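Scope of the values below: all heavy atoms of this structure, side chains included, with no hydrogens, waters or symmetry mates. So that the names make sense, note that chain A is the first sequence line, chain B the second, and so on, each numbered from 1.
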Amino acid sequence: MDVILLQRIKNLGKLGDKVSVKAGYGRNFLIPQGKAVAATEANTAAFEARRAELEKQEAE
Amino acid sequence: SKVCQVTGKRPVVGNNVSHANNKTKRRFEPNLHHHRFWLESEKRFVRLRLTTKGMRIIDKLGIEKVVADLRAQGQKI
Amino acid sequence: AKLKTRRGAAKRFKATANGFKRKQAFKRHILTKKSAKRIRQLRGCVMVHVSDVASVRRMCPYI
RNA sequence: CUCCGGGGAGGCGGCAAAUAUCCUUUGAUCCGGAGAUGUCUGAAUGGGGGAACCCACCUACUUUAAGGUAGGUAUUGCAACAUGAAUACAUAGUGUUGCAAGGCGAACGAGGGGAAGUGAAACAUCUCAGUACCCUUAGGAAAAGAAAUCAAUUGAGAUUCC
RNA sequence: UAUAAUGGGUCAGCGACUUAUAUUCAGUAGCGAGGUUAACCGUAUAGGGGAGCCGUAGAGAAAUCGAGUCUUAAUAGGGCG
RNA sequence: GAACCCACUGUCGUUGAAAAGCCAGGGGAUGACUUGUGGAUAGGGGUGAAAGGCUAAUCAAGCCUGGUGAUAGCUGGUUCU
RNA sequence: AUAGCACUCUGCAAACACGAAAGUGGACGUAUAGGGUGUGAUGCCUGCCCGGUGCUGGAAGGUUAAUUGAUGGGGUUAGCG
RNA sequence: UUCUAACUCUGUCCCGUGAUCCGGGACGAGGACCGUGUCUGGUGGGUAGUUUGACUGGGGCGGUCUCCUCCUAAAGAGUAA
RNA sequence: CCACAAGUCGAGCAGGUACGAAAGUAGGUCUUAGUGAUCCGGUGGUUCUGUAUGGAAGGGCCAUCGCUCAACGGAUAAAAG
C-alpha cells in the first residue's frame, strides 16, 4: 500500500513522504488514525497543491 | 446468509472427483468475515460482512465510495 | 428414429465393390519369435468371411 | 328491487306431480344491457382462536338507563413531517400522514437445488439425466437479440423457429 | 402322463404380437440412364418449390490416380476392380 | 391379604363369545408402585433396566403419493377354417 | 438392571451429545463433580507375560504433499551462405 | 522477547428498555495467537455403492481349467467320461 | 486343416550373399509342445496428413517393445465373508 504521510514517523518518513507499507498497517492503523492517506492521484494532487502549506504550519 | 455485500459472492456447487473418477457433490465457500471500518464523514465504525476481494476493492477505491455505492444499491449501513 | 452405426465396427471395416475389407490380427506387439513368413503374410488387407458378412451389414447399415 | 331496449298470451324455477290462492294487453313470465342491496368464515388485516367463534378500544349523531347508528384501530417497504439515548453536536430509536405488497389459479417461460430403478447381459468410469421431484418469480407469451460473430474462390452480415 | 404331476365349481360379458420412425428383402404400378422432392407458399389431396437424396467407377490408410489402381528396385508376380 | 396392576401351570376354544379370550389355580399390592388430562421426541430417524423389543391389528428399516407400465436369461397364457 | 468395586477422560467458553449454523442439553453443576467402559451384595482373594495390536511419552536419525522453480532439451522468429 | 490497532470474551458498567436476546458506548482480560476460506499429505466399517468364477453321478471339501505324445478309437479323418 | 478368429506345406521368379572345380545346396535346428486377440502407451524410419497461410504439435503407414490377462477367446484400470 502506497501512502503519503501527513505526520512524522520514526522510520516511515516525514511530512509528505510517499512510502510503501504493508496492507494491514495502513488499513488498520495509519489511515484510520489520520497519520497517512492512500497515494491516489487525486489525493496526491490535492495534498501537493493545496494543503501542503497548511500541514507544514500545523507543526505540532 | 453467507453473502458478501461488496461483491455479492455466495457459496457455489461443484464436485469432489477422486482418483478412480468417482464424483460427489460439494460446495465451494467464500472467504467471508466481519470487519469494522472507520468512516470520518459519519464519524463512526461500520461493520461489514465481506471477503478479501472486497477488502482489496475497498483498498483500491476508498471506504466512502464503496459505502455510497452500497447505499445507492439499497443496503442500509 | 434413424438407425445408428456401431462406430467401433465402422473403425475396423471398409466397403469394397462386392464386399468388405479388413486388417489381420496377431501383428501388434509380440513379433520377435514369429517367423518372417508369418510377418510378411499377415501384412495387408483381407476380405470379410461370408458367414460374418451379415453381422457387419447389421452393424454398418449406411456403408 | 330500480331503469333502458326486445317481445306479445301466458305465467307463479327442478327432483316432483297436485289442488288452492294468485299476477297478467294501463303488457305479465321470459331475453340483453346498466345500477341498488350483498350475513359469517377464509390472504382476513382491531386482539385472540379448536374456520364459519370469543373479547376490546377511539371518534361523531341520537339517547336515559346499562342502547342504537356511521366510520376508524394489522404487518412490511418507501416518502414527508414531528419527537428523540448512551454523548456535546449528532446518530440509533419512536410516532403521525400518504402510497404500494402479500393470496388464488390449467399449461407454457426463466432461475436456485437435484435422485434412483434401469442399460452396460456382473459393476465403480459411463448411461438413465439436468429427466422425476422441491423452491423463487414474470407475461400474454417468455427468453435471445444487432459481432471484441463466422468464413477462407477473400467472402456473409442482429435474434428466433422449420 | 389314465396318471396319485399343473390349471379349471358353472354360465354370460371383457382379456394378450400393436403404433411411430429408420432400414433390408419380396410382390405390384409409374418413369427410365435417369428417378424423386423436403420444409414451405397455396380459399389448399391441384399447382409451385431442385436445396437435398439414390443410381451412373474403382483402387489405395492417405496424398494421388483412374478402367484401372495398391504392393515393389522391378512393364515381373500377386490383391481388389 | 381385597380393590388396582400383572401373566407362572392346566382344561376349553382354534370357520371362537374373542384377528390373543374364559374357567380353576398363581405373583406384586407404601413403591424402582398404579393411573386421568395436556404436552416433547419421526424413519437409516426416534425410544429402548436390551427381546432387534416398540414406533396406530404392519418393523433386520413405518405409511401414502410420485419415478412407474422399475427390471425379471424365470413360471403361466396366447381366441376362425 | 441393581447397591458395591475398579480403569480411563474432563480445569469450565470443561469433556461428551444434538444441529447445516445460530444455539441447546451437561448445569443455573465445578474433580467428594460430570462422561465413557468393565465387573456385579458379602467373606477370603485376585498368579505369570509389554513379544503382537492399541494407548501414553520421547527421539529428530531415513522418506515427502501442496508450494517454490535451478539447469537442460525442443518449436517458431533475425541475419548470413 | 515486548507492543496494540485487526481479532476473541457463554466478564463488569451505561443506553435503546419496562428485556439473562440483540445492537451501540466505556472498561478489563487475551492478542497477531486462536479461528475461518482455498489447496494439500495422513487417518478414516462412522457412513455409502458394490464384488466375492465354472466343471462336478445333489451341494460343500478336494482336484481341474492352456499346449504336446500313446491307449481307449471299432485297419481313411474325427470321436466322450 | 478349419464355425470364425486362426494354423500348416510349398514348386517357382527378381535382388544381394555363403560354401563348392562343378551339377548344386541354403528363406534356422528330424518333426510334432516352449504360448496371449483387441484397447492404451514407448522406440527407429516414413516421397502420407497438417483445421486461414508457412511451420510445428497431434494423427496415419512399415519395423519393433510393455500382460502367469495360467479361470490361458482374455466382464472394469481396480474387488472378501
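- As judged by a 4.0 angstrom heavy-atom cut-off over every strand, C:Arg58 is placed among residues making no nucleic acid contact.
- Across all strands shown, C:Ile30 has heavy atoms under 4.0 Å from sugar-phosphate atoms exclusively, and none from any base.
- The cationic atom of C:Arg28 (NZ for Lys, CZ for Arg) does not lie both less than 6.0 Å from the six-membered ring centre of C:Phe26 and within 45° of the ring axis.
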Pair up each side-chain donor or acceptor in residues 69-77 of chain B with any protein partner under 3.5 Å, not counting sequence neighbours, and list the distances.
residue: B:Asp69; atom: OD1; partner: B:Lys65; partner atom: NZ; Å: 3.4
residue: B:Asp69; atom: OD2; partner: B:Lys65; partner atom: NZ; Å: 3.3
residue: B:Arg71; atom: NE; partner: B:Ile77; partner atom: O; Å: 2.8
residue: B:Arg71; atom: NH2; partner: B:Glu42; partner atom: OE1; Å: 3.2
residue: B:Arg71; atom: NH2; partner: B:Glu42; partner atom: OE2; Å: 2.7
residue: B:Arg71; atom: NH2; partner: B:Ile77; partner atom: O; Å: 3.3
residue: B:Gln73; atom: NE2; partner: B:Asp69; partner atom: O; Å: 3.4
residue: B:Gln75; atom: OE1; partner: B:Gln5; partner atom: NE2; Å: 3.3
residue: B:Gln75; atom: NE2; partner: B:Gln5; partner atom: O; Å: 3.3

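- At I:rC4, one or more side-chain N or O atoms of C:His49 fall inside 4.0 Å of OP1 or OP2 (strictly under the cut-off).
- Look at B:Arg44 and you won't find any side-chain N or O under 4.0 angstrom from OP1 or OP2 of H:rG24.
- As the counterpart of D:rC61, D:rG68 is assigned, both hydrogen-bonding distances of the Watson-Crick or G-U wobble pattern falling under 3.5 Å.
- Taking 4.0 angstrom as the limit, B:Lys43 places none of its side-chain polar atoms (N or O) nearer than this to OP1 or OP2 of D:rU91.
- Base engagement by C:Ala1 is indicated by at least one non-hydrogen atom pair under 4.0 Å involving a base atom.
- Remark: D:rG50 base-pairs with no nucleotide; criterion is Watson-Crick or G-U wobble with both hydrogen-bond distances under 3.5 Å.
- In this strand, I:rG36 does not stack on its neighbour I:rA37 by the test of ring centres under 5.5 angstrom and planes under 30 degrees.
- If you check D:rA100 for Watson-Crick or wobble pairing at under 3.5 angstrom, you find it paired to D:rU76.
- Remark: the C:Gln41 side chain and the I:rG10 base include a donor-acceptor N/O pair separated by less than 3.5 Å.
- For B:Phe28 and A:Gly24, each mapped to the nucleotide of RNA chain H holding its nearest heavy atom, the one lying further toward the 5' end belongs to A:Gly24.
- The partner of D:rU26 cannot be assigned: no Watson-Crick or G-U wobble pair with both contacts below 3.5 Å exists in any strand.
- If you measure from atom CZ of C:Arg28 to atom P of I:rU43, you get 17 Å, rounded to the nearest angstrom.
- In terms of position on RNA chain H, the residue among B:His35 and B:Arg47 whose nearest nucleotide sits closer to the 5' end is B:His35.
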Distances for protein N or O near nucleotides 133-138 of chain D N or O, under 3.5 Å:
none

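- Distances shorter than 4.0 Å separate none of the side-chain N or O atoms of C:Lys21 from OP1 or OP2 on E:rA59.
- Within the 4.0 Å cut-off from OP1 or OP2 of E:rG81, at least one side-chain nitrogen or oxygen of C:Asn18 is found.
- Evaluation of atom-type donor-acceptor distances gives a pair under 3.5 Å for the side chain of B:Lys25 against the base of D:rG130.
- Distance from the side chain of B:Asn22 is smallest for D:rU125 among the nucleotides D:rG114, E:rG81, D:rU125.
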Check residues 12-30 of chain A and write down every donor-acceptor pair under 3.5 Å in which the side-chain atom is one partner and the other belongs to a residue at least two apart or another chain.
residue: A:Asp17; atom: OD2; partner: A:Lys14; partner atom: N; Å: 3.3
residue: A:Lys18; atom: NZ; partner: A:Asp2; partner atom: OD1; Å: 3.4
residue: A:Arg27; atom: NH1; partner: B:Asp59; partner atom: OD2; Å: 3.4

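- Minimum atom distance to the side chain of C:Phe26 is reached by I:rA37, of the listed I:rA37, I:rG27, I:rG10.
- For the pair B:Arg36 and H:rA5, the criterion of a side-chain N or O lying under 4.0 Å from OP1 or OP2 is not met.
- Between C:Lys27 atom NZ and I:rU38 atom P there is a gap of 11 Å when expressed in whole angstrom units.
- For C:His29, a side-chain nitrogen or oxygen approaches OP1 or OP2 of I:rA37 to under 4.0 Å.
- Nucleic acid contact for B:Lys23: sugar-phosphate only, since backbone atoms but no base atoms lie under 4.0 Å from a heavy atom of the residue.
- As judged by a 4.0 angstrom heavy-atom cut-off over every strand, B:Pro30 is placed among residues touching the sugar-phosphate backbone only.
- In this structure H:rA54 sits in a base pair with H:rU64, meeting the Watson-Crick or G-U test at under 3.5 Å.
- For C:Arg22, a side-chain nitrogen or oxygen approaches OP1 or OP2 of I:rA6 to under 4.0 Å.
- Ranking H:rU36, I:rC39, I:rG7 by closeness to the B:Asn31 side chain, first place goes to H:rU36.
- The nucleotide whose nearest atom lies closest to any side-chain atom of C:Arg43 is, among H:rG37, E:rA61, I:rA63, I:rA63.
- Between C:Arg38 atom CZ and I:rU8 atom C1' there is a gap of 11 Å when expressed in whole angstrom units.
- Pairing for H:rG16 goes to H:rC22, judged as Watson-Crick or G-U wobble with the two contacts each under 3.5 Å.
- Residue contacts for B:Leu39: at a heavy-atom cut-off of 4.0 Å it reaches no nucleic acid atom on any strand shown.
- One finds no side-chain N or O of C:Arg40 lying less than 4.0 angstrom from the OP1 or OP2 phosphate oxygen of I:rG27.
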